[PDB]
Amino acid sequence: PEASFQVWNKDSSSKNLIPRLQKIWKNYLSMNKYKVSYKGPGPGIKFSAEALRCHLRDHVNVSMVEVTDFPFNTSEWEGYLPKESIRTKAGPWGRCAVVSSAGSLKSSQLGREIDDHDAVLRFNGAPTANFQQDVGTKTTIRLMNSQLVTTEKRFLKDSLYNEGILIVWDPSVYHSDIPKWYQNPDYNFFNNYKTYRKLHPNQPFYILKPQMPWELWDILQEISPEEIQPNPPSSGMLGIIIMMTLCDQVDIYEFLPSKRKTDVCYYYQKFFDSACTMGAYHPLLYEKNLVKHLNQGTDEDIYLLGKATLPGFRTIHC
């Protein structure tokens, strides 16, 4: 007979959520922090995985702030941004993994498998020490939010960040261009970005353009059958899109949860929070519908391995 088990439900909505997280979702809708007014095609639209993958390649500009973008062409910013394009510095690569920071990675024994990709993406302060056998040992790209660069004093100190290519991103006002964003960043990380840059001139450190997270959000809101949190996508979703721009194959682990689904928010932290898996601030719930929708793997691969497989943009149709 055929096995019965549960993997992520592609049509997850707020009505599936715990009432606790339902109120939180509702409240973020209300305090429209980023002054979002969705004016696109309208809540709820169906795409084939082939078409949506191609609607994603075409309508999201994965690009980094360059020294041509005002005011990063001014004297104070001289020599601060990387000379070369990230695409020059990064691959293009063949096998790539995205390591989510979920607690569900604990005792998953993915460490060797994750190490067998040409390049590995991790987030924020997710550490390697003590976790090699569950998480891997290699860090090629690390995507971080601006809050960590602004406020985490460990960012300028801990030897871990000093591995691979770094990227910082910052939530802007909805549809804001670079100069408006620069004047009003969510966190003021510019000082610390500069200060790091002085410390490690050799290691490539990029700033994501503020437009990218909202371009991805538009598609989310357009897909979902209801209003999603008007806050940018999680680092995890942006990281998926990024690696898709740089890889043929992206294997993404414990984003879609395995059977090890747990309230433990992070593998390196000890505190419990269901919201880390299901979403509170980020529209994480709808991102996972998406990743589950584009998933080219089996449902068994999700149950056992927490593994989704999405193909990279380089290998797509029309």
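Residue numbers here begin at 1 and follow the sequence given.
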*Does a third or more of the other compared entries skip modelling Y253?*
no
*If we scan the other compared entries, does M64 go without coordinates in at least a third?*
no
*Tell me which of 274-282 and 30-38 has the higher mean C-alpha B-factor in the deposited entry.*
30-38
_Stretch exceeding the other in mean C-alpha B-factor - 179-187, 102-110_ = 102-110
*Checking the entry, which one of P71, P233, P171, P225 has the top C-alpha B factor?*
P225
*Could you tell me which one of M244, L160, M144, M212 shows the highest CA temperature factor in the PDB record?*
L160
*asked:* Please place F47 in the lowest, middle or highest third of its chain according to the CA B-factor in the PDB entry.
replied: highest
_Where does the C-alpha B-factor of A97 rank in its chain, lowest, middle or highest third?_
middle
*asked:* Sorting by Cα B-factor within the chain, modelled residues only, which third would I86 end up in: lowest, middle or highest?
replied: middle
_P127, C-alpha B-factor rank within chain (lowest, middle or highest third)_ = middle
*Using the B-factors in the PDB entry, rank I219's C-alpha atom against the chain and give the third, lowest, middle or highest.*
middle
